[PDB]
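Trainee: Here it is, the structure in full.
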Amino acid sequence: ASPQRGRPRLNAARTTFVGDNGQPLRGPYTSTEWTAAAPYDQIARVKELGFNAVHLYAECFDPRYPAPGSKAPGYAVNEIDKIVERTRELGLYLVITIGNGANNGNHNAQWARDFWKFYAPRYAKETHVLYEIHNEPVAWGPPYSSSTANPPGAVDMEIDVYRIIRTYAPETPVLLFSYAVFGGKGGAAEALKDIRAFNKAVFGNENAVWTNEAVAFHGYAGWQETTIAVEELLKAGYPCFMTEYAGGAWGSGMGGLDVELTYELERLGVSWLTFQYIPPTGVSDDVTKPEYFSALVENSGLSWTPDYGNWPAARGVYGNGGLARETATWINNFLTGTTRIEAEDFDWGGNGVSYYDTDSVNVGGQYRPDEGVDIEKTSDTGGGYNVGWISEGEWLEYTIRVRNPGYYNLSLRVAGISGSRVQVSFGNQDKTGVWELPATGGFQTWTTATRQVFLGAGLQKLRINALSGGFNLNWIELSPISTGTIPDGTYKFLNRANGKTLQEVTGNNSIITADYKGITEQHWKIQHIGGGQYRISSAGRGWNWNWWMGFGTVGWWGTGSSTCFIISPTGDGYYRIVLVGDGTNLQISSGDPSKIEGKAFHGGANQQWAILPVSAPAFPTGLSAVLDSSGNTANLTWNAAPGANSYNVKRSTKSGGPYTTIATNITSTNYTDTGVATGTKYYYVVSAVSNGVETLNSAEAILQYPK
Ligand SMILES: [Ca+2]
Ligand SMILES: [Ca+2]
Ligand SMILES: [Ca+2]
């Protein structure tokens, strides 16, 4: 027989459709709405990414149908046939749906009926194919059945299209509604209305036990709210099916897999279709590119059993009920708590996968006799076991979940006769550098070494890398910092590039950039709530900074994600203001001095902020360093700094410094540096001196050569 897949059926639990092997359907998408069918070659690549399914946005609907000259359904048939044929012979599943195009959150009822009058009987016999009635027919979620739904009548469209499909394809799985925003216990309650209205029409009774149907939903409420809505709906007896979602790594400023929601959907037993495309083309991000899928799975510790290939690797958490270890928690609106991760509870999975050890035997013999890591009993406070026989090159991964991002005290309980080296990365990103661990003088003589780290939010593998041997490891600890990165107080914010401040506007509760006028609207109380996170409130009325559909100010207190801001030091006296939600940094746009925005980390001055006492002197701006013709001379010029008596010109040979002060008492906004060596790069900054008080250094100026 052919490798064509057997018809999906609801699982015993009644949570989703699973394939002919009892496993969830997991896949990316492709479109044939205004483009050719993706080639066999590229659709095949799906199987190497642990996918067994493809989402097809088949055609997009015309609002004007069936007026003269409007595009009818059927126009893409020759390409949709190719996708059906190609997924058939690749042993993949296929979810076919009607796309929206430019008309998002909308549908045409008659276009959809005639779409399924055509396509339903055409693929009825195709066991690997499922029908999802329509992508996001309403703006933007339940209840569709409300008269004030935008637009109304979607439930009637679903009812009509289900009846059309069952006539022409009685065995074929149907995915309903495709709620764009499906969030909260509210979301589930509102969907139940639409589900009950649907069931009363089709089956005659508000509560029907579906044998071959499920609620399709998307992830645009966010992972927390979507998970709550799915849990609730599953409890009411209705299988679900994720058909479109996205997230990305915290701090990337880009899309890709929502790792957090995938983990929750894996736990609840829910099949999913992520919104990354099969090459060559698509409207979002390419699923074959590491940054948008494979690396995100690889960095997080996420695992499932793939239908084809050997990725992802089989792995999991040891202890803690097989669930990623939480790092901190909110207790009286302050981020606190110490999580102890025992070193001998490294993830299971294998040698080369969840740990690397130099041999396959546990020479110590304790705790985990079937694995390669070397474990003995320890005589340290709290008893238990320690990882010993640590050779250089070895490593141990522990899957954790940093629900609250920011600054954490990372602690290693260590013993060793002599010193040793280690390095810790989180999500395959170095957070420590080379960490010199002290000599204790014995192999059960214990001490705690501690180092401060900046963790991003989400599932992430903590990985101890042993750069030297000769130490034993008992446990690891993370707790959020109890003392902040900057003292509590009232401050003025000045952007490093342009010297501008942030100002409250009570009339529309907005925050906008302006020149530091010295007023209370441009003054801000700062209060640390654990983890380097801060509540930032205006001085005049006690209203808190809020990053949500713009950048404004609100009455409710700051423990929710939009009202919380990580103040992250640069190292050179400035800070960047990281947003707790996505990990992007608050910056003024180099391009438009008025526009405030959130972008991913870069070296530029426009992303950096001075958080200063109100009376502190302003730093210089606009520094520009240019080489003079035919000679060793750098001509510096900058803008005059308010209240400056003089300037100090400083120079370094790499970006960021340190900066050796080449000249002081400059009573002018320009300088000529004669001591520049032939054909070498130089980096300049300038500070001002106001009433004996030296300011911060300006933004860096790279020495500019000729064309
Ligand atoms: Ca071993
Ligand atoms: Ca070992
Ligand atoms: Ca231990």
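Just so we're on the same page, full-length UniProt numbering is the position in the sequence shown counted from 1, plus 35. In this text, a Cβ means the ideal position worked out from N, Cα and C, and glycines have one as well.
#1: Rounding to the nearest angstrom, what Cα-Cα distance links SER395 and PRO404 in this structure?
#2: Considering only heavy atoms of ligand 2, list every residue whose Cβ is less than 5 angstroms from one of them, following chain order.
#3: Return the CA-CA distance between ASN674 and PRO604, expressed in angstroms with no decimal places.
#4: Which two residues bound the contiguous beta strand (DSSP E) that contains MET192?
#5: Enumerated in chain order, which unbroken segments of the beta strand (DSSP E) with a length of 3 residues or greater are wholly contained in the segment 666–718?
#6: Among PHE238, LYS552 and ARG231, which has the Cα closest to the Cα of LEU537?
#7: Do the segment 163–181 and the segment 201–219 meet, that is, are 3 or more Cβ pairs less than 8 angstroms apart?
#8: Output the distance between the C-alpha atoms of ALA243 and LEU358, rounded to the nearest integer angstrom.
#9: Please classify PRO59 as buried or exposed, where buried requires at least 16 neighbouring CB atoms within 10 angstroms.
#10: Could you pull the DSSP bridge partners for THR371 from this structure?
#11: Just curious, the alpha helix (DSSP H) that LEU296 is in, first and last residue?
#12: Would you mind listing the alpha helix (DSSP H) stretches within the segment 564–599 that are 4+ residues and don't spill past its ends, in chain order?
#13: How far does the alpha helix (DSSP H) with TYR353 in it extend, from its first residue to its last?
#14: With a 10 Å radius around its C-beta and 16 neighbouring C-beta atoms as the bar for buried, classify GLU120 as buried or exposed.
#15: Can you list every residue whose CB sits closer than 7 angstroms to some heavy atom of ligand 3, going in chain order?
#16: Can you grab the Cα-Cα spacing for the pair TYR569 / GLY372, in whole Å?
#17: Can you name, in chain order, every residue of its own chain whose Cβ lies under 8 angstroms from the Cβ of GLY428, other than the five neighbours on each side?
#18: In the DSSP assignment, find the beta strand (DSSP E) that holds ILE133 and state where it starts and stops.
#19: Would you identify the three-state DSSP class for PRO741, choosing helix, strand or coil?
#20: Between the segment 550–567 and the segment 584–602, do at least 3 Cβ pairs fall closer than 8 angstroms?
#21: Among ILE547, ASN509 and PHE489, which has the Cα closest to the Cα of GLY519?
#22: Per DSSP, which residues does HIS163 bridge with? Please list them.
#23: Please name the residue, chosen from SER690, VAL437, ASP149 and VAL237, that lies closest to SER335 on a Cα-to-Cα basis.
#24: Give the secondary structure of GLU260 by DSSP, where H, G and I count as helix, E and B as strand, and everything else as coil.
#25: Touch check for the segment 436–451 and the segment 351–367: three-plus C-beta pairs under 8 angstroms?
#26: If I follow the unbroken alpha helix (DSSP H) through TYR158, where does it start and stop?
#27: Within the same chain, show all residues whose beta-carbon is closer than 7 angstroms to that of residue 10, passing over the 5 residues directly before and after it, in chain order.
#28: Any heavy atom of ligand 1 closer than 7 angstroms to the CB of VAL398?
#29: For the segment 152–165 and the segment 120–132, state whether three or more C-beta atom pairs, one from each stretch, are separated by less than 8 angstroms.
#30: From this set, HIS637, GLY678 and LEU662, which residue's C-alpha is nearest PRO652's C-alpha?
#31: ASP405: beta carbon under 7 angstroms from a heavy atom of ligand 1?
#32: Is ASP607 near ligand 1, in the sense that its beta carbon is under 7 angstroms from a heavy atom of that ligand?
#33: Would you say the beta carbon of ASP394 comes nearer than 7 angstroms to a heavy atom of ligand 1?
#34: Does any heavy atom of ligand 5 sit closer than 7 angstroms to the C-beta of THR51?
#35: Among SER624, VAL721 and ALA698, whose alpha-carbon lies nearest the alpha-carbon of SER659?
#36: Check whether the segment 406–424 touches the segment 468–477, counting contact only when three or more Cβ pairs, one atom from each stretch, lie closer than 8 angstroms.
Mentor: Taking the definition as stated:
#1: Indexing the sequence shown from 1 puts residue 395 at position 360. Indexing the sequence shown from 1 puts residue 404 at position 369. Distance between the alpha carbons of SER395 and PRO404: 10 angstroms.
#2: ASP392, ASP409 and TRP424
#3: If you number the sequence shown from 1, residue 674 lands on position 639. If you number the sequence shown from 1, residue 604 lands on position 569. Answer to the nearest angstrom: the Cα atoms are 25 angstroms apart.
#4: Walking along the sequence shown from the start, residue 192 turns up at place 157. Not the beta strand (DSSP E): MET192 falls in the alpha helix (DSSP H), residues 189–203.
#5: 669–674, 681–687, 695–701 and 705–708
#6: Taking the sequence shown and counting its residues from 1, one reaches residue 537 at position 502. Answer by Cα proximity: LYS552.
#7: yes
#8: To locate residue 243, count along the sequence shown from 1; it is residue 208. To locate residue 358, count along the sequence shown from 1; it is residue 323. Cα to Cα, the separation comes out at about 34 angstroms.
#9: Taking the sequence shown and counting its residues from 1, one reaches residue 59 at position 24. The residue is buried, with at least 16 neighbouring Cβ atoms inside 10 Å.
#10: As a working mapping, residue 371 is identified with position 336 in the sequence shown. Answer is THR364, bridged to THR371.
#11: Taking the first residue of the sequence shown as 1, we reach residue 296 at position 261. Per DSSP, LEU296 belongs to the alpha helix (DSSP H) from 294–303.
#12: none
#13: Here residue 353 is taken as the residue at index 318 of the sequence shown, counted from 1. Unbroken run through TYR353: none, as it is neither H nor E.
#14: Here the question's residue 120 lines up with position 85 in the sequence shown. Exposed, by the Cβ-count rule.
#15: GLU377, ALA378, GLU379, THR413, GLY419, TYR420, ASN421, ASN509 and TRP510
#16: The sequence position of residue 569 within the sequence shown is 534, counting from 1. The sequence position of residue 372 within the sequence shown is 337, counting from 1. Taking the straight line joining both Cα atoms gives about 17 angstroms.
#17: Position 393 of the sequence shown, counted from the first residue, corresponds to residue 428. Closer than 8 angstroms at the Cβ level, and outside the excluded window around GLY428, lie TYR391, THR393 and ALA501.
#18: As a working mapping, residue 133 is identified with position 98 in the sequence shown. It spans 128–134 - the beta strand (DSSP E) in which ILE133 sits, taken as one unbroken run.
#19: Your numbering for residue 741 matches position 706 in the sequence shown. It is coil, neither helix nor strand.
#20: yes
#21: Start at 1 with the first residue of the sequence shown, and residue 519 comes out as number 484. Measuring from the Cα of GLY519, the nearest candidate turns out to be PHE489.
#22: In the sequence shown, residue 163 corresponds to position 128, counting from 1. DSSP output for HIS163 lists no bridge partner at all.
#23: Indexing the sequence shown from 1 puts residue 335 at position 300. For the residues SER690, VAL437, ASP149 and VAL237, the minimum Cα distance to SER335 belongs to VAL437.
#24: Translated into positions along the sequence shown, residue 260 becomes position 225. Residue state, collapsed to three classes: helix.
#25: yes
#26: Residue mapping note: residue 158 aligns to position 123 of the sequence shown, counting from 1. Note, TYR158: alpha helix (DSSP H), 144–158.
#27: The structure shown does not extend to residue 10, since the chain is modelled only from 36 to 742, so the question has no answer here.
#28: In the sequence shown, counting from the first residue as 1, residue 398 sits at position 363. Yes; taking the cut-off as 7 angstroms, the Cβ of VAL398 has a heavy atom of ligand 1 nearer than that.
#29: yes
#30: Counted from its first residue, the sequence shown places residue 652 at position 617. The candidate whose alpha carbon is nearest that of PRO652 is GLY678.
#31: Here the question's residue 405 lines up with position 370 in the sequence shown. Incorrect: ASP405 has no Cβ contact closer than 7 angstroms to ligand 1.
#32: Start at 1 with the first residue of the sequence shown, and residue 607 comes out as number 572. Answer for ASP607: no, Cβ out of range of ligand 1.
#33: In the sequence shown, the residue the question calls residue 394 occupies position 359. It does: the Cβ of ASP394 is within 7 angstroms (strictly closer) of some heavy atom of ligand 1.
#34: Ligand 5 is not among the ligands present in this structure, which contains only ligand 1, ligand 2 and ligand 3.
#35: Your numbering for residue 659 matches position 624 in the sequence shown. Comparing Cα-Cα distances from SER659 to each of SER624, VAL721 and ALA698, the minimum goes to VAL721.
#36: no
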